[PDB]
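Structure below is model.tsv: TSV, C-alpha atoms and all ligand atoms.
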```
chain	number	residue	atom	x	y	z
A	62	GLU	CA	2.37	27.47	21.14
A	63	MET	CA	4.00	26.86	17.75
A	64	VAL	CA	7.52	27.10	19.16
A	65	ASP	CA	9.56	23.94	18.62
A	66	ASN	CA	6.83	22.36	16.52
A	67	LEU	CA	9.46	21.00	14.12
A	68	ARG	CA	11.50	17.81	14.29
A	69	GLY	CA	13.87	16.02	11.97
A	70	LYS	CA	17.16	14.24	11.39
A	71	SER	CA	20.17	15.88	9.73
A	72	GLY	CA	20.13	15.60	5.95
A	73	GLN	CA	16.65	14.08	6.04
A	74	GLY	CA	14.44	17.17	6.27
A	75	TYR	CA	12.46	18.96	8.96
A	76	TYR	CA	8.84	18.02	9.55
A	77	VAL	CA	5.73	19.28	11.28
A	78	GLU	CA	2.71	17.34	12.52
A	79	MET	CA	-0.49	17.56	10.46
A	80	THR	CA	-3.85	15.82	10.17
A	81	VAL	CA	-5.71	14.99	6.97
A	82	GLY	CA	-9.20	13.61	6.50
A	83	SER	CA	-12.16	13.03	8.81
A	84	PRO	CA	-11.68	11.62	11.36
A	85	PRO	CA	-8.17	13.17	11.44
A	86	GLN	CA	-5.30	10.98	10.30
A	87	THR	CA	-2.07	12.22	11.88
A	88	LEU	CA	1.02	12.41	9.71
A	89	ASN	CA	4.47	14.00	9.85
A	90	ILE	CA	4.97	16.32	6.88
A	91	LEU	CA	8.30	17.64	5.60
A	92	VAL	CA	8.40	21.46	5.32
A	93	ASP	CA	9.59	22.39	1.83
A	94	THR	CA	9.94	25.98	0.64
A	95	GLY	CA	11.43	24.53	-2.56
A	96	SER	CA	8.20	23.13	-4.04
A	97	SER	CA	4.46	23.79	-4.10
A	98	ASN	CA	2.64	20.45	-3.89
A	99	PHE	CA	1.11	19.06	-0.70
A	100	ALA	CA	1.53	15.29	-1.01
A	101	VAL	CA	1.24	12.34	1.36
A	102	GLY	CA	2.04	8.66	1.11
A	103	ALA	CA	-1.31	7.00	0.41
A	104	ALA	CA	-0.26	3.36	0.03
A	105	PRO	CA	2.12	0.84	1.64
A	106	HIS	CA	5.85	1.47	1.22
A	107	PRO	CA	9.01	-0.12	2.75
A	108	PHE	CA	9.96	3.08	4.58
A	109	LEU	CA	6.48	4.24	5.66
A	110	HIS	CA	5.27	3.66	9.23
A	111	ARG	CA	1.82	4.95	8.29
A	112	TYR	CA	-0.05	6.51	5.36
A	113	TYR	CA	-3.16	8.36	4.20
A	114	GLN	CA	-6.18	6.08	3.82
A	115	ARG	CA	-8.71	7.95	1.67
A	116	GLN	CA	-11.39	5.29	2.13
A	117	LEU	CA	-11.53	6.11	5.84
A	118	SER	CA	-12.07	9.82	5.25
A	119	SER	CA	-15.70	10.85	4.78
A	120	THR	CA	-14.62	14.33	3.66
A	121	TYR	CA	-12.24	13.25	0.88
A	122	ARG	CA	-13.08	14.24	-2.72
A	123	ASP	CA	-11.28	12.66	-5.66
A	124	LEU	CA	-10.31	15.13	-8.40
A	125	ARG	CA	-9.94	12.38	-11.01
A	126	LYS	CA	-6.56	13.70	-12.11
A	127	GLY	CA	-3.15	12.08	-11.79
A	128	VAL	CA	0.04	13.94	-10.92
A	129	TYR	CA	3.81	13.42	-11.18
A	130	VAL	CA	6.50	15.38	-9.32
A	131	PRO	CA	10.25	14.93	-9.91
A	132	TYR	CA	12.64	16.48	-7.38
A	133	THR	CA	16.42	16.77	-7.51
A	134	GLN	CA	16.35	13.74	-5.28
A	135	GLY	CA	13.51	11.29	-5.80
A	136	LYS	CA	10.13	11.49	-7.47
A	137	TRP	CA	6.56	10.30	-6.94
A	138	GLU	CA	3.26	9.95	-8.75
A	139	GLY	CA	-0.22	10.05	-7.31
A	140	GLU	CA	-3.88	10.92	-7.49
A	141	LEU	CA	-5.18	14.42	-6.84
A	142	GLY	CA	-8.04	15.05	-4.44
A	143	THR	CA	-9.09	17.42	-1.66
A	144	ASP	CA	-9.78	16.97	2.04
A	145	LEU	CA	-9.74	18.77	5.38
A	146	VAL	CA	-6.34	19.52	6.90
A	147	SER	CA	-5.21	20.86	10.27
A	148	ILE	CA	-1.95	21.68	12.06
A	149	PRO	CA	-2.05	20.43	15.70
A	150	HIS	CA	0.83	22.64	16.86
A	151	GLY	CA	0.03	25.57	14.59
A	152	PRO	CA	-2.90	27.89	13.87
A	153	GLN	CA	-6.00	26.20	15.25
A	154	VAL	CA	-7.93	26.09	11.99
A	155	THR	CA	-9.15	23.52	9.50
A	156	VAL	CA	-8.99	24.07	5.76
A	157	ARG	CA	-9.90	22.13	2.65
A	158	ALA	CA	-6.84	21.79	0.48
A	159	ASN	CA	-5.55	19.93	-2.55
A	160	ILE	CA	-3.74	16.74	-1.61
A	161	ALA	CA	-1.73	14.45	-3.85
A	162	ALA	CA	-2.13	10.84	-2.75
A	163	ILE	CA	1.23	9.24	-3.46
A	164	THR	CA	0.67	5.72	-4.78
A	165	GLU	CA	4.07	5.19	-6.40
A	166	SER	CA	7.51	6.62	-5.63
A	167	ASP	CA	11.21	6.28	-6.35
A	168	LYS	CA	14.01	7.30	-3.98
A	169	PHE	CA	11.65	9.80	-2.35
A	170	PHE	CA	10.81	8.44	1.09
A	171	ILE	CA	13.81	8.07	3.41
A	172	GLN	CA	14.35	5.08	5.70
A	173	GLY	CA	14.04	6.33	9.27
A	174	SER	CA	13.24	9.95	8.35
A	175	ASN	CA	10.03	9.82	10.38
A	176	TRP	CA	7.93	11.74	7.83
A	177	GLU	CA	5.21	10.47	5.48
A	178	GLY	CA	4.46	13.50	3.33
A	179	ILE	CA	5.68	16.83	1.99
A	180	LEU	CA	4.28	20.36	2.22
A	181	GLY	CA	5.39	22.53	-0.69
A	182	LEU	CA	5.27	26.09	0.59
A	183	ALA	CA	6.28	27.87	-2.63
A	184	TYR	CA	4.01	29.48	-5.24
A	185	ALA	CA	1.45	28.03	-7.65
A	186	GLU	CA	3.68	28.82	-10.63
A	187	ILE	CA	5.75	25.68	-9.93
A	188	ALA	CA	2.94	23.40	-8.80
A	189	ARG	CA	2.30	20.23	-10.83
A	190	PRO	CA	0.41	19.48	-13.06
A	191	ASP	CA	0.00	23.26	-13.40
A	192	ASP	CA	-0.55	26.60	-11.66
A	193	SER	CA	-4.29	26.00	-11.33
A	194	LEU	CA	-3.55	23.64	-8.45
A	195	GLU	CA	-3.73	26.01	-5.48
A	196	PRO	CA	-0.88	25.35	-2.99
A	197	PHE	CA	-1.66	24.70	0.69
A	198	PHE	CA	-0.52	28.03	2.08
A	199	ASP	CA	-2.63	29.92	-0.45
A	200	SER	CA	-5.68	27.89	0.61
A	201	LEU	CA	-4.83	28.52	4.26
A	202	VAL	CA	-4.69	32.30	3.79
A	203	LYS	CA	-7.84	32.44	1.65
A	204	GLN	CA	-9.96	30.31	4.01
A	205	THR	CA	-8.73	31.70	7.33
A	206	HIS	CA	-7.61	34.98	8.88
A	207	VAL	CA	-3.99	33.85	8.94
A	208	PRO	CA	-1.66	36.65	7.73
A	209	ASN	CA	0.08	35.87	4.43
A	210	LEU	CA	3.42	35.05	6.08
A	211	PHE	CA	5.41	32.29	7.80
A	212	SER	CA	8.85	31.99	9.37
A	213	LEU	CA	11.20	29.06	9.83
A	214	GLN	CA	13.81	28.49	12.52
A	215	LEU	CA	15.69	25.30	11.69
A	216	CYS	CA	18.09	24.11	14.35
A	217	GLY	CA	21.01	21.71	14.09
A	230	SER	CA	17.99	14.49	16.06
A	231	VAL	CA	17.11	18.09	15.23
A	232	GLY	CA	14.19	20.44	15.65
A	233	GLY	CA	13.00	23.98	15.17
A	234	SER	CA	9.92	26.09	14.75
A	235	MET	CA	7.56	27.06	11.97
A	236	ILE	CA	5.59	30.15	12.90
A	237	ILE	CA	2.56	30.47	10.67
A	238	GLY	CA	0.94	33.87	10.34
A	239	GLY	CA	3.62	35.88	12.09
A	240	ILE	CA	7.06	36.56	13.51
A	241	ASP	CA	8.17	35.31	16.92
A	242	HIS	CA	10.64	37.84	18.35
A	243	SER	CA	11.95	35.41	20.96
A	244	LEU	CA	13.29	33.21	18.16
A	245	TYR	CA	15.98	35.64	17.03
A	246	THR	CA	18.32	38.38	18.19
A	247	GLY	CA	19.50	41.55	16.50
A	248	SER	CA	17.94	43.00	13.36
A	249	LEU	CA	15.94	41.34	10.60
A	250	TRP	CA	17.32	42.15	7.14
A	251	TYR	CA	15.08	41.74	4.10
A	252	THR	CA	15.91	40.73	0.55
A	253	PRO	CA	13.32	41.02	-2.26
A	254	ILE	CA	11.58	37.97	-3.65
A	255	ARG	CA	12.56	38.57	-7.27
A	256	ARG	CA	9.80	36.38	-8.69
A	257	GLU	CA	6.90	34.50	-7.12
A	258	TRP	CA	7.45	30.90	-8.22
A	259	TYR	CA	10.33	29.47	-6.18
A	260	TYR	CA	11.38	31.79	-3.35
A	261	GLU	CA	13.85	33.45	-5.74
A	262	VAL	CA	16.39	35.95	-4.42
A	263	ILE	CA	19.54	37.67	-5.68
A	264	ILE	CA	23.08	37.08	-4.35
A	265	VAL	CA	25.31	40.06	-5.14
A	266	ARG	CA	28.64	38.97	-3.71
A	267	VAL	CA	30.37	35.94	-2.22
A	268	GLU	CA	33.39	35.97	0.08
A	269	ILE	CA	35.43	33.06	1.42
A	270	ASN	CA	37.15	34.15	4.60
A	271	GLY	CA	36.81	37.83	3.72
A	272	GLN	CA	38.19	37.30	0.23
A	273	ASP	CA	35.81	38.17	-2.61
A	274	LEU	CA	35.50	35.49	-5.30
A	275	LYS	CA	35.81	38.28	-7.89
A	276	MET	CA	33.17	37.09	-10.33
A	277	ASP	CA	30.50	38.89	-12.35
A	278	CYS	CA	27.66	38.75	-9.81
A	279	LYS	CA	25.30	37.34	-12.45
A	280	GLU	CA	27.28	34.07	-12.14
A	281	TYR	CA	26.01	33.64	-8.57
A	282	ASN	CA	22.45	33.65	-9.87
A	283	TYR	CA	22.73	31.43	-12.94
A	284	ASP	CA	20.09	30.63	-13.75
A	285	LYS	CA	18.41	31.54	-10.47
A	286	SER	CA	19.01	31.61	-6.72
A	287	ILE	CA	16.43	30.29	-4.25
A	288	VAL	CA	15.78	29.54	-0.58
A	289	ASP	CA	14.87	25.85	-0.26
A	290	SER	CA	14.27	24.24	3.15
A	291	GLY	CA	13.62	20.97	1.34
A	292	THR	CA	17.19	20.71	0.03
A	293	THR	CA	20.04	19.77	2.38
A	294	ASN	CA	23.13	21.36	0.82
A	295	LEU	CA	24.17	24.79	-0.34
A	296	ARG	CA	24.19	24.07	-4.07
A	297	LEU	CA	26.17	26.35	-6.37
A	298	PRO	CA	26.46	26.85	-10.14
A	299	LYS	CA	29.48	24.93	-11.47
A	300	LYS	CA	31.67	28.03	-11.94
A	301	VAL	CA	30.96	29.34	-8.42
A	302	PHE	CA	31.32	25.89	-6.85
A	303	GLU	CA	34.77	25.35	-8.36
A	304	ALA	CA	35.95	28.78	-7.26
A	305	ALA	CA	34.53	28.22	-3.78
A	306	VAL	CA	36.15	24.81	-3.28
A	307	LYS	CA	39.50	26.15	-4.48
A	308	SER	CA	39.29	28.93	-1.88
A	309	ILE	CA	38.15	26.64	0.95
A	310	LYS	CA	40.94	24.16	0.23
A	311	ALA	CA	43.48	27.00	0.26
A	312	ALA	CA	42.15	28.20	3.61
A	313	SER	CA	42.27	24.67	5.05
A	314	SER	CA	45.53	23.59	3.37
A	315	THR	CA	47.04	22.63	6.74
A	316	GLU	CA	45.17	19.36	6.14
A	317	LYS	CA	44.62	17.49	2.87
A	318	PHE	CA	41.40	15.61	2.18
A	319	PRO	CA	40.61	13.17	-0.66
A	320	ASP	CA	38.81	14.59	-3.69
A	321	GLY	CA	35.90	12.36	-2.69
A	322	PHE	CA	35.32	14.60	0.30
A	323	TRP	CA	35.05	17.80	-1.72
A	324	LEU	CA	32.67	15.91	-4.01
A	325	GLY	CA	30.41	15.10	-1.06
A	326	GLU	CA	30.83	11.38	-1.76
A	327	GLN	CA	32.94	10.69	1.32
A	328	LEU	CA	33.00	11.41	5.07
A	329	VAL	CA	35.83	13.10	6.95
A	330	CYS	CA	36.29	12.12	10.58
A	331	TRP	CA	38.30	13.26	13.58
A	332	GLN	CA	38.60	11.90	17.10
A	333	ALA	CA	35.54	12.93	19.13
A	334	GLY	CA	35.68	16.58	20.16
A	335	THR	CA	38.76	17.48	18.12
A	336	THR	CA	37.25	18.78	14.87
A	337	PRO	CA	39.66	21.54	13.68
A	338	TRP	CA	36.94	24.13	13.01
A	339	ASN	CA	39.56	26.88	12.87
A	340	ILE	CA	41.18	25.67	9.64
A	341	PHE	CA	37.91	26.08	7.70
A	342	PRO	CA	36.88	29.56	6.48
A	343	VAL	CA	33.67	31.49	7.02
A	344	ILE	CA	31.56	31.85	3.89
A	345	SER	CA	29.75	35.15	3.38
A	346	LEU	CA	26.75	35.35	1.07
A	347	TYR	CA	25.70	38.92	0.27
A	348	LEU	CA	22.01	39.29	-0.57
A	349	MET	CA	20.39	42.14	-2.47
A	350	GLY	CA	18.77	44.66	-0.15
A	351	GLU	CA	15.53	46.64	-0.39
A	352	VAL	CA	17.44	49.70	-1.65
A	353	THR	CA	19.40	50.06	-4.90
A	354	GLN	CA	23.01	48.86	-4.60
A	355	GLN	CA	22.54	48.04	-0.91
A	356	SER	CA	22.98	44.56	0.52
A	357	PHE	CA	23.45	42.61	3.74
A	358	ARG	CA	25.40	39.42	4.39
A	359	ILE	CA	24.79	36.19	6.24
A	360	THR	CA	27.91	34.41	7.44
A	361	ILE	CA	28.19	30.64	7.29
A	362	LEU	CA	30.60	28.80	9.60
A	363	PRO	CA	32.01	25.33	8.93
A	364	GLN	CA	29.72	24.10	11.71
A	365	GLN	CA	27.00	24.67	9.13
A	366	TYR	CA	28.58	23.54	5.87
A	367	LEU	CA	30.25	20.49	7.41
A	368	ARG	CA	27.13	18.38	8.08
A	369	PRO	CA	27.44	15.93	11.00
A	370	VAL	CA	26.62	12.35	10.07
A	371	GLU	CA	25.44	10.41	13.14
A	372	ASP	CA	26.39	6.74	13.21
A	373	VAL	CA	26.85	4.66	16.35
A	374	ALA	CA	29.40	2.51	14.51
A	375	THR	CA	31.66	5.54	13.98
A	376	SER	CA	30.90	7.19	17.33
A	377	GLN	CA	34.48	7.11	18.63
A	378	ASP	CA	34.79	10.00	16.17
A	379	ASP	CA	32.88	12.98	14.80
A	380	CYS	CA	32.27	12.47	11.07
A	381	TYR	CA	31.02	14.94	8.48
A	382	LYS	CA	30.11	15.35	4.85
A	383	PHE	CA	30.89	18.47	2.82
A	384	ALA	CA	27.48	20.13	2.45
A	385	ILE	CA	28.31	22.38	-0.50
A	386	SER	CA	27.72	20.83	-3.92
A	387	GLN	CA	27.45	21.58	-7.62
A	388	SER	CA	24.21	22.53	-9.36
A	389	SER	CA	23.13	23.12	-12.96
A	390	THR	CA	19.83	24.68	-11.95
A	391	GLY	CA	21.15	27.70	-10.08
A	392	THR	CA	22.00	28.45	-6.48
A	393	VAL	CA	20.06	26.59	-3.82
A	394	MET	CA	20.35	27.86	-0.27
A	395	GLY	CA	19.37	24.67	1.53
A	396	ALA	CA	18.78	23.66	5.14
A	397	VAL	CA	22.44	23.84	6.15
A	398	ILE	CA	22.34	27.53	5.22
A	399	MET	CA	19.02	28.25	6.93
A	400	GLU	CA	20.12	26.53	10.15
A	401	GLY	CA	21.10	29.09	12.77
A	402	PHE	CA	19.04	31.83	11.16
A	403	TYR	CA	15.47	32.93	11.67
A	404	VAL	CA	14.03	33.15	8.16
A	405	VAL	CA	10.82	35.08	7.55
A	406	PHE	CA	8.94	34.37	4.33
A	407	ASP	CA	6.96	37.61	4.09
A	408	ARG	CA	4.73	36.71	1.14
A	409	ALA	CA	2.55	39.75	1.84
A	410	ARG	CA	5.46	42.11	1.12
A	411	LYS	CA	7.33	39.96	-1.42
A	412	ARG	CA	10.48	39.74	0.71
A	413	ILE	CA	12.48	37.33	2.85
A	414	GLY	CA	14.04	38.36	6.13
A	415	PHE	CA	17.07	36.89	7.87
A	416	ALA	CA	18.15	37.32	11.48
A	417	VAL	CA	20.46	35.51	13.86
A	418	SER	CA	18.57	32.64	15.46
A	419	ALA	CA	18.25	31.72	19.12
A	420	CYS	CA	19.86	28.43	18.05
A	421	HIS	CA	22.64	29.95	15.93
A	422	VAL	CA	25.97	28.14	15.55
A	423	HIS	CA	29.11	29.50	17.15
A	424	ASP	CA	32.30	28.79	19.05
A	425	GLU	CA	34.67	30.91	21.10
A	426	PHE	CA	36.15	32.59	18.02
A	427	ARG	CA	33.39	33.11	15.44
A	428	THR	CA	29.61	33.29	15.13
A	429	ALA	CA	27.05	33.13	12.34
A	430	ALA	CA	25.78	36.64	11.68
A	431	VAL	CA	23.46	38.86	9.63
A	432	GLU	CA	25.13	42.21	8.99
A	433	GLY	CA	24.38	45.30	6.95
A	434	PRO	CA	24.14	47.50	5.16
A	435	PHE	CA	26.80	47.13	2.48
A	436	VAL	CA	27.04	49.34	-0.61
A	437	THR	CA	28.29	48.65	-4.13
A	438	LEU	CA	29.48	51.14	-6.75
A	439	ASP	CA	28.91	48.60	-9.52
A	440	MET	CA	25.63	49.45	-11.28
A	441	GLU	CA	25.26	45.97	-12.75
A	442	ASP	CA	22.05	44.00	-12.18
A	443	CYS	CA	22.99	40.66	-10.65
A	444	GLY	CA	19.78	39.08	-11.88
A	445	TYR	CA	20.50	36.52	-14.58
A	446	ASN	CA	17.27	36.93	-16.55
B	1	LIG	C1	16.00	16.58	2.91
B	1	LIG	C2	16.35	15.47	1.92
B	1	LIG	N1	17.60	15.78	1.22
B	1	LIG	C3	17.71	16.33	-0.05
B	1	LIG	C4	16.55	16.65	-0.82
B	1	LIG	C5	16.67	17.22	-2.12
B	1	LIG	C6	15.45	17.52	-2.86
B	1	LIG	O1	15.34	17.26	-4.06
B	1	LIG	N2	14.43	18.08	-2.14
B	1	LIG	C7	13.10	18.41	-2.68
B	1	LIG	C8	12.06	17.93	-1.64
B	1	LIG	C9	12.37	16.56	-1.06
B	1	LIG	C10	12.61	15.44	-1.92
B	1	LIG	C11	12.91	14.17	-1.38
B	1	LIG	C12	12.98	14.00	0.02
B	1	LIG	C13	12.75	15.10	0.88
B	1	LIG	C14	12.45	16.38	0.34
B	1	LIG	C15	13.10	19.91	-2.98
B	1	LIG	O2	11.76	20.32	-3.21
B	1	LIG	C16	13.91	20.30	-4.20
B	1	LIG	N3	13.69	21.71	-4.55
B	1	LIG	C17	14.09	22.20	-5.89
B	1	LIG	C18	15.62	22.00	-6.02
B	1	LIG	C19	13.78	23.71	-6.03
B	1	LIG	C20	13.34	21.37	-6.98
B	1	LIG	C21	11.81	21.48	-6.96
B	1	LIG	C22	11.15	20.65	-8.07
B	1	LIG	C23	9.61	20.73	-8.10
B	1	LIG	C24	9.09	19.97	-9.32
B	1	LIG	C25	9.10	22.18	-8.15
B	1	LIG	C26	17.95	17.46	-2.66
B	1	LIG	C27	19.12	17.15	-1.93
B	1	LIG	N4	20.37	17.39	-2.49
B	1	LIG	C28	20.72	16.98	-3.86
B	1	LIG	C29	22.24	17.12	-3.92
B	1	LIG	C30	22.61	18.09	-2.80
B	1	LIG	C31	21.40	18.02	-1.86
B	1	LIG	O3	21.41	18.48	-0.72
B	1	LIG	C32	18.98	16.58	-0.62
```

Let's see the structure in the file written out as structure tokens.
Amino acid sequence: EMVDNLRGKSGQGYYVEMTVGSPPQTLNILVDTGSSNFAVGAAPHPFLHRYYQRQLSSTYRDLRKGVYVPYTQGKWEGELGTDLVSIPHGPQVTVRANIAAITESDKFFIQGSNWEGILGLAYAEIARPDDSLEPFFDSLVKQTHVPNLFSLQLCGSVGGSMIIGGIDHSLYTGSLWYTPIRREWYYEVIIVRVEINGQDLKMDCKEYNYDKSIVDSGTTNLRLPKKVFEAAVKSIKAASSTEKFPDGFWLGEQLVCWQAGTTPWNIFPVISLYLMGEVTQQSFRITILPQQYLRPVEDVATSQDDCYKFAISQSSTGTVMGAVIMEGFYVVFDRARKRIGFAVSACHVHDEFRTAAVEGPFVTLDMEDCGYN
């Protein structure tokens, strides 16, 4: 009954329906594996259709502590408190959790996104103000009999499914390949190799993980360390040289459009990200097609064409495998076994020539540890 319980709009995040307070106040909350704070708009804002009204909740408890959270994009400040929370289209349980009441924000809420809050699903180590603020999932597991695990199937209006407490076999095909969660703070993993159209980038694998690599459903793009990003773009341009695009495109500052239905998918290469396996020197790879890294930008004004933005960008905080990477894959966040599984999704991207895939195992003779720290 949790299938297709996610909605969203490209580049604006995926959200699930939740209720906070008593009586229940329904709100759409963005699913974010890239942070650990559960926060909801709690005051009027230009882009908010509704918000959390603490005065109307008889079960609310103020913690008398303020909180500030800065993201890559946007930031907000609010008041900490606790209240009862439930997930209509999820496990039928009610738990008391910490909630940050957003009273001030900057470039956080998105006009027309349809969500009013965020659910940080990562670990307490990155929660603000500090790790003593128990994240929502932790509270959920402690207070209920929900297994310490959740899976996300993001599909490219959009939708998807967030299965809490288990794995839904009808949401993927083939095998599930697991990569270790290197450290329990962000969902940190290790990339051991990167290929652009079968051609290895030939780089010390530590570069791919400088200073860390994570799985973040709350970030749109595939963000790469400067060195890797430059190498990647050079290779993608080479592969697509039959057409020349302005530098602004490769910088993600400009759209590229083609007449409706004529996008030349074939001139863009497949990007392979090899992830560390559960066994020494073993790995598996997930393949990304341009249908994933060329994000469609819907606009009625430009509807005679199909327009896209390059969804691969530079980062100075490590590799971020965002939503465009997760789309088309069934991703299992097995917190109980400190590992993340990937499998081809029931809504995977593909055309008559290529398809997104999860393949393994691959072996490496190199004995180097790809971990940066
Ligand atoms: C979906 C909206 N699009 C985005 C979002 C973000 C972004 O910062 N997302 C937040 C959550 C968030 C913030 C605002 C609105 C919605 C969700 C995420 O937690 C960061 N995780 C991090 C990176 C791990 C940081 C967590 C900080 C906390 C203090 C732990 C970056 C994007 N960018 C920036 C350039 C490329 C790109 O795609 C595009």

From A:400, A:371, A:140, A:257, residue lying nearest residue A:70 [all atoms listed in the file]: A:371

Taking all atoms listed in the file into account, which residues have an atom no farther than 6 Å from ligand LIG 1 (chain B)? I'd like them as a list in words.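 My answer, listing the contacting residues, is residues 72, 73, 74, 93, 95, 96, 130, 131, 132, 133, 134, 135, 169, 187, 291, 292, 293, 294 and 386 of chain A.
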
At most 9 Å from (26.6, 21.4, -9.6), file frame, all atoms listed in the file: which residues, as a ChimeraX atom specification? /A:296-300,302,386-392

Taking (16.9, 46.9, 1.6) in the coordinates of the supplied file, I want to know which residues reach to within 8 Å of it, counting all atoms listed in the file; could you give the answer as JSON, numbers by chain? {"A": [250, 251, 252, 253, 349, 350, 351, 352, 353, 355, 356]}

To one decimal place, how far is atom CA of residue A:143 from atom CA of residue A:159 in Å?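 Here the two named atoms are 4.4 Å from each other.
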
Which residues, written as a list in words, have at least one atom at most 7 Å from stretch 194-199 of chain A, with all atoms listed in the file counted and residues fewer than 5 positions away on the same chain left out?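 The neighbour list is residues 97, 98, 99, 158, 159, 182, 184, 185 and 188 of chain A.
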
Write a file of the just-selected residues containing C-alpha atoms, as a PDB file, in the coordinates of the input.
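Writing the result to result00.pdb gives the following:
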```pdb
ATOM      1  CA  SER A  97       4.460  23.790  -4.100  1.00  0.00           C
ATOM      2  CA  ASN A  98       2.640  20.450  -3.890  1.00  0.00           C
ATOM      3  CA  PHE A  99       1.110  19.060  -0.700  1.00  0.00           C
ATOM      4  CA  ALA A 158      -6.840  21.790   0.480  1.00  0.00           C
ATOM      5  CA  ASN A 159      -5.550  19.930  -2.550  1.00  0.00           C
ATOM      6  CA  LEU A 182       5.270  26.090   0.590  1.00  0.00           C
ATOM      7  CA  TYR A 184       4.010  29.480  -5.240  1.00  0.00           C
ATOM      8  CA  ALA A 185       1.450  28.030  -7.650  1.00  0.00           C
ATOM      9  CA  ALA A 188       2.940  23.400  -8.800  1.00  0.00           C
TER      10      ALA A 188
END
```

At what distance in Å, to one decimal, does atom CA of residue A:175 lie from atom CA of residue A:78?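 Result for atom CA of residue A:78 versus atom CA of residue A:175: 10.7 Å, one decimal.
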
Atomic separation - atom CA of residue A:111 relative to atom CA of residue A:171, Å: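 Going from atom CA of residue A:171 over to atom CA of residue A:111 covers 13.3 Å.
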
Using all atoms listed in the file, which of the listed residues (A:340, A:128, A:385, A:419) sits closest to residue A:270?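 Selected residue with least distance to residue A:270: A:340.
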
Excluding residue A:126 and any residue of its chain fewer than 5 positions from it, enumerate the residues within 9 Å of it, using only C-alpha atoms, and give them as a VMD selection string. chain A and resid 139 to 142

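Each of A:282, A:443, A:334, A:329 was checked against residue A:317 using all atoms listed in the file; the smallest atom-to-atom distance is that of A:329.
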
Per residue of stretch 331-406 of chain A within 7 Å of stretch 258-266 of chain A, which atom pair is closest and at what distance in Å (one decimal), using all atoms listed in the file, listed by chain and increasing number, as a Markdown table?
```
| residue | atom | partner | partner_atom | distance |
| --- | --- | --- | --- | --- |
| A:346 | CA | A:266 | CA | 6.3 |
| A:347 | CA | A:266 | CA | 4.9 |
| A:348 | CA | A:264 | CA | 4.5 |
| A:349 | CA | A:263 | CA | 5.6 |
```

Repair of stretch 380-389 of chain A at the level of N, CA, C and O atoms, as an mmCIF file, keeping the file's coordinate frame:
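Heads up, here's the output in out-v9.cif:
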```
data_model
loop_
_atom_site.group_PDB
_atom_site.id
_atom_site.type_symbol
_atom_site.label_atom_id
_atom_site.label_comp_id
_atom_site.auth_asym_id
_atom_site.auth_seq_id
_atom_site.Cartn_x
_atom_site.Cartn_y
_atom_site.Cartn_z
ATOM 1 N N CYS A 380 32.141 12.544 12.524
ATOM 2 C CA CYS A 380 32.270 12.470 11.070
ATOM 3 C C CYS A 380 31.337 13.441 10.368
ATOM 4 O O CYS A 380 30.213 13.680 10.821
ATOM 5 N N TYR A 381 31.801 13.979 9.244
ATOM 6 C CA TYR A 381 31.020 14.940 8.480
ATOM 7 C C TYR A 381 31.097 14.753 6.976
ATOM 8 O O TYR A 381 31.994 14.100 6.442
ATOM 9 N N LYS A 382 30.132 15.353 6.296
ATOM 10 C CA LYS A 382 30.110 15.350 4.850
ATOM 11 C C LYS A 382 30.146 16.812 4.438
ATOM 12 O O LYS A 382 29.611 17.666 5.142
ATOM 13 N N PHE A 383 30.813 17.103 3.329
ATOM 14 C CA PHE A 383 30.890 18.470 2.820
ATOM 15 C C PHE A 383 29.492 18.780 2.297
ATOM 16 O O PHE A 383 29.006 18.104 1.393
ATOM 17 N N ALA A 384 28.844 19.799 2.856
ATOM 18 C CA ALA A 384 27.480 20.130 2.450
ATOM 19 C C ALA A 384 27.336 21.253 1.426
ATOM 20 O O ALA A 384 26.341 21.983 1.417
ATOM 21 N N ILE A 385 28.342 21.394 0.573
ATOM 22 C CA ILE A 385 28.310 22.380 -0.500
ATOM 23 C C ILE A 385 28.508 21.512 -1.740
ATOM 24 O O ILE A 385 29.439 20.713 -1.798
ATOM 25 N N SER A 386 27.616 21.641 -2.715
ATOM 26 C CA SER A 386 27.720 20.830 -3.920
ATOM 27 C C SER A 386 27.372 21.589 -5.186
ATOM 28 O O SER A 386 26.838 22.696 -5.144
ATOM 29 N N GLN A 387 27.690 20.976 -6.317
ATOM 30 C CA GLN A 387 27.450 21.580 -7.620
ATOM 31 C C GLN A 387 26.005 21.469 -8.091
ATOM 32 O O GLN A 387 25.302 20.499 -7.794
ATOM 33 N N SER A 388 25.567 22.481 -8.829
ATOM 34 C CA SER A 388 24.210 22.530 -9.360
ATOM 35 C C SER A 388 24.219 23.050 -10.791
ATOM 36 O O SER A 388 25.108 23.802 -11.171
ATOM 37 N N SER A 389 23.233 22.649 -11.579
ATOM 38 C CA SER A 389 23.130 23.120 -12.960
ATOM 39 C C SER A 389 21.778 23.797 -13.103
ATOM 40 O O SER A 389 21.329 24.089 -14.212
#
```
